[PDB]
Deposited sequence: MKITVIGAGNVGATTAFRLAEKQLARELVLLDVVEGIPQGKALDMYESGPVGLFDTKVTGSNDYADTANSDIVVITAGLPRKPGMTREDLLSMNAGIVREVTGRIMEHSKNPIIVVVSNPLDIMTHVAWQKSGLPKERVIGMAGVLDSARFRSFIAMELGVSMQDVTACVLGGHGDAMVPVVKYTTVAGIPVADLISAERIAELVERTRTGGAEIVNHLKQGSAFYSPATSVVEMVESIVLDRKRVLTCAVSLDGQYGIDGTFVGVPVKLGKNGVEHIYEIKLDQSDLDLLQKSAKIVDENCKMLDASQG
């Protein structure tokens, strides 16, 4: 098992470190454009092995040749829509030169589009390319409900399809505390607020740090997904994937419940959404598929 995390900033570095200590890979390559930074961070991570008790071979590089034969590739490269799309497209192209069949997990925003960009570029089947967002939105939502109710975050479940912001589709219907519907524990008034805080959760962090975005939750989320693939856990998580009919959408990437296994997306769940939500999901997908045209 050889994993490559493109991008050595907070997100990709926090991600690689977690992936290193969890030992989900024998070889882990942290690659970035800036000289030095990737090499120093990967070394700092490696020298952590004797105390954290992991033996993952973590190396930082600038040469894609060091990412040859990677099984999984995490793309966190980013710095507009036309710019990043180019960054993502180029990166995908460079890795596809040294790896003929990996699973690509995208973490760049706009997620859905960036994921599409990468996919259509790699030439890999829609099963081998996915994006991360739902796990993260779900996580923020779950933590808000926890703070509200004074319960453990492990017992809170939150079904969140779609993308970030106005494109987010939180299914309050499939959201619970130990199976007990949130609707029976929290007023709709407050639930509406917690749903709002979730839509603008990334920004809430940014408004705090001023510089850059959030990276702990985002990194932890990406790993949960990678872990499922590596350990063939068959976990069901809301990821961005290319639909092929479900939800009355075809071709365009959307955030829907999926089963992640050694072969990536092993199943797309078409849950029962009510018109409202099902509409927002289709509009949002139209807007997205729109942009994927210019590109």
query	finding
Gaps in the model, given as deposited-sequence positions counted from residue 1	80 to 89, 306 to 310
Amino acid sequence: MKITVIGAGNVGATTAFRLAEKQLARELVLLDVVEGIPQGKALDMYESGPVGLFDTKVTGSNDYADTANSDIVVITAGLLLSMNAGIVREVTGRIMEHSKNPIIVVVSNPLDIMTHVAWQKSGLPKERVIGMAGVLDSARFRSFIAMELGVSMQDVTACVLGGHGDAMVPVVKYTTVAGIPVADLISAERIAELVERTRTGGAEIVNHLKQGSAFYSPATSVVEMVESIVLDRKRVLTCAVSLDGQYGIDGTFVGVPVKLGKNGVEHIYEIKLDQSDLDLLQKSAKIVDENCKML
From here on, numbers count along this sequence of modelled residues.
{"query": "122 to 130 set against 145 to 153, stretch whose average Cα temperature factor tops the other in the entry", "finding": "122 to 130"}
{"query": "Higher-scoring stretch by recorded Cα B factor average, 161 to 169 or 196 to 204", "finding": "161 to 169"}
{"query": "Options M83, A183, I72, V177 - largest CA temperature factor per the record", "finding": "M83"}
{"query": "Third assignment of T238 from its chain's C-alpha B-factors", "finding": "lowest"}
{"query": "Position of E35 among the chain's modelled residues by C-alpha B-factor, lowest, middle or highest third", "finding": "highest"}
{"query": "Chain third (lowest, middle, highest) by recorded CA B-factor, residue given as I271", "finding": "highest"}
{"query": "For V117, the third of its chain into which the C-alpha B factor falls", "finding": "middle"}
{"query": "Entry-reported Cα temperature factor of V226, expressed as the chain third it lands in", "finding": "lowest"}
